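Next comes just one chain, in structure tokens: the form deposited in one PDB entry.
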């Protein structure tokens, strides 16, 4: 059953409704076929997958006057991001942050008494499931009506060879393939891993048909594990994170990492380093009842009926590699050169399929650079020196070098931080700005008002790294990183116009010290 959608013009909200209908149809729903049957030009590229990489790649290719076709097995464009990855992740992190605020000020002002309050995880997941077609609807609309994309959705692609793809029972030819099928959730090789009650980011939002009990176990120690783990904890649940090595190694600044981990522990999270699950115990109903794990302090058993795996994502390379003869790396990533070209002539690979860093900027940018190459513009892509962030119950942003890292690299350094390093320590009403004001003024809560630091070369006066725990700095790090890569000094930073009270206090604190030829930390 093929719906010829070319000459239909659904609104965003009609698209949202229609996608929902197709997703819910017992038979699997109709194919969405949006192809210009009157255009005689050959396809410059067929994209296998229309997630962040395939969709942006197609948008750019089309903007350059080339012809593209997306094939995606989902009835929407945008891939994992709206459906089960960054979007739900951010809804859950918004909840985690507000819940920490509510629990900190329990029984003060407008805040409800949270003492005995357990928030339903399923309730919030269901809110996500009920609203996720909004972003789906915009993706289908924007792609067709504003970006002029051709696509076939709700259809697994069947790659024939490096120039030939079957979709919707039609065979299409192209000058190139861009492979954009992303990566699937990592798993554990232990008894019980397939028990009901074991989830990952993908299955959480498809299969949670009960409300978890009082204890949650999270496996993993980076972004996904810590993001979902803080949300679970914020709902009122005892949360134990089993971390194979050490948690949050992405936070290179030791003081920043410590603040973040300390705040997580204050919220009641238990974070266990050097630990590996050995078994997930099932009850006689087939649901998880406990997790057994080896740690540096011997075997532990944690009773729980809800386990969340936040391991890495595994590139979806197997089928395509068999068909096309693609060279793969150790973790199954499709090997590419710096023009995104695979070992196979005229076949590019992009997004999570080509491995880490698995981020939206990497996905969209690799998509567009492959598209430029297909359109005859020789352009390399090597992601390097990018800013980064993750959520706990706070926003955590970082770029460049940690303070220790900068010294080990041979730099003489000063730092500018908040709060100052004093006898009263964190227990002072700084740093403060939007969404930290209550922490800053509340009785005994001032230590929660945030932490931040820039790392500066004492000789060149260049800013070598920036680090922030709080709210409202993440967006700023995108732009600040560009200024830093251009060579930003403490002097130039001090010379900017601040917008006080500012999530980053870097500008004015830089100004307080830049009047000196010999720089001193603040």
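Positions refer to the first chain, counted from 1. By rigid core we mean the largest C-alpha set that fits within 1.5 Å across both forms.
Not on display, but discussed next: the form deposited in another entry.
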* To do: After fitting the rigid core, tell me which of 303, 145, 255, 405 has its Cα displaced by at least 2 Å between the shown form and the other one.
  => 145
* If we fit on the core, is the Cα of residue 497 displaced 2 Å or more between the shown form and the other one? -> no
* **Rigid core superposition, residue 14 Cα moves 2 angstroms or more between the shown form and the other one** => yes
* Taking the rigid core as the frame, does residue 487 move its C-alpha by 2 Å or more between the shown form and the other one? -> no
